[PDB]
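# Coordinate analysis (summary)
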There are 10 protein chains.
Amino acid sequence: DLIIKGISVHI
Amino acid sequence: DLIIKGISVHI
Amino acid sequence: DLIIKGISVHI
Amino acid sequence: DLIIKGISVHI
Amino acid sequence: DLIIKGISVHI
Amino acid sequence: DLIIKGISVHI
Amino acid sequence: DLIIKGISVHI
Amino acid sequence: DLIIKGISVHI
Amino acid sequence: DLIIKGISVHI
Amino acid sequence: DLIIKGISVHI
């Protein structure tokens, strides 16, 4: 379970 | 389960 | 289950 | 199950 | 479980 | 469980 | 359990 | 349990 | 248990 | 238990 969350997500 | 969420998502 | 969601999604 | 959803989706 | 969250996430 | 969170996350 | 949190996180 | 926290974290 | 905390953490 | 804490921590 890889969870990446937030107002601005930049990968 | 790879979950990426947010107001602006940039990959 | 790869879930990508948000107001602006840019891949 | 690959789910991509949001107001503006840009691939 | 790798969780990365916050207002601005930059990877 | 690797948890990285905060207002500005820079990796 | 590796927890790194704070207002500005810089790795 | 390796915990690193504070207002500005610089690694 | 290795705990490093403070206002400005510089490693 | 190795605890290092303070206003400015410099390693």
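Residues numbered from 1 in each chain as written, not as in the entry; some residues may be left out. Chains lettered and ligands numbered in written order. Part of a larger assembly, values for the part shown. Heavy atoms only, no water.

As stated in the entry header, the method of structure determination is cryo-EM and the reported resolution is 3.8 Å.

## A closer look at the nonpolar core
Across soluble globular proteins, you tend to see nonpolar side chains buried next to one another. If you look at the biggest cluster of nonpolar residues, it comprises 17 residues, and the most contacted ones within it are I4(A), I4(B), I4(E), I4(F), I4(G) and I4(H). Beyond its immediate sequence surroundings of up to four residues, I4(B) is in contact with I4(A), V9(A), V9(B), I3(C), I4(C) and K5(C). (Core = buried A, V, L, I, M, F, W, Y, C linked by side-chain atoms within 4.5 Å. Buried < 20%, exposed > 50% of the residue type's maximum accessible area, 1.4 Å probe, protein only. Contact = heavy atoms within 4.5 Å.)

## Considering the interface of chain J and chain I
Counting residues at the interface gives 11 residues for chain J, matched by 11 residues for chain I. Carbon and sulfur atoms make up 53% of the surface buried where chain J meets chain I, a total of about 940 Å² over both sides. Counting across the interface, chain J meets chain I through 0 salt bridges. There are 10 residue pairs in polar contact connecting chain J and chain I. Within the residue set of the side of chain J that touches chain I, elements represented by two or more residues are β1 (2–5) and β2 (8–10) of chain J. With 4 residues, the top contributor of residues to the side of chain J that touches chain I is β1(J). Partitioned by chemical class, the residues of the side of chain J that touches chain I number 6 nonpolar, 3 polar and 2 charged. (Buried area = accessible area lost by both parts, 1.4 Å probe. Salt bridge = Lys/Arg side-chain N within 4 Å of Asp/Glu carboxyl O. Polar contact = N/O pair within 3.5 Å; in protein donor to acceptor, adjacent residues only side chain to side chain. Helix = DSSP H or I, 4+ residues; strand = E, 2+ residues; numbered from the N terminus. Nonpolar A, V, L, I, M, F, W, Y, C, P; charged D, E, K, R; others polar.)

## Let's talk about the sheet that holds strand β2 (residues 8–10) of chain G
Judged by pairing direction, the sheet is parallel, and its 10 strands sit side by side in the order β2(D)-β2(C)-β2(B)-β2(A)-β2(E)-β2(F)-β2(G)-β2(H)-β2(I)-β2(J) without closing on themselves. The strands lining the two open edges of the sheet, one partner per strand, are β2 (8–10) of chain D together with β2 of chain J. When the angles between neighbouring strand axes are averaged without regard to direction, this sheet yields 0°. Of the pairings in the sheet, the one linking β2(G) to strand β2 (residues 8–10) of chain H comprises 3 bridges and is parallel in character. Looking at the pairing, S8(G) lines up with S8(H) of β2(H). (Pairing = 2+ DSSP bridges. Axes fitted to C-alpha atoms, helices over the stretch in contact; angles between N-to-C directions.)

## Observations regarding the sheet that holds strand β1 (residues 2–5) of chain E
Taken together, the 10 strands give an open sheet; going across it, the order is β1(D)-β1(C)-β1(B)-β1(A)-β1(E)-β1(F)-β1(G)-β1(H)-β1(I)-β1(J), and neighbouring strands pair in parallel fashion. The open sheet has two edge strands with one neighbour each: β1 (2–5) of chain D together with β1 of chain J. The sheet shows a mean angle of 0° between the axes of neighbouring strands, taken without regard to direction.

## Some thoughts on a negative patch on the surface
A cluster of acidic residues, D1(A), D1(B), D1(C), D1(D), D1(E), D1(F), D1(G), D1(H), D1(I) and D1(J), forms a negative patch on the protein surface. Position of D1(G) relative to the elements: it lies in the segment before β1 (2–5). (Patch = residues over 30% accessible without salt bridge, like charges linked within 9 Å, V, L, I, M, F, W, Y side chains within 5 Å. Areas by Shrake-Rupley, 256 points an atom, 1.4 Å probe, with all protein chains shown as cover. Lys, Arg positive; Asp, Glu negative; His and termini not counted. Charge placed at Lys NZ, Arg CZ, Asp CG, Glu CD.)

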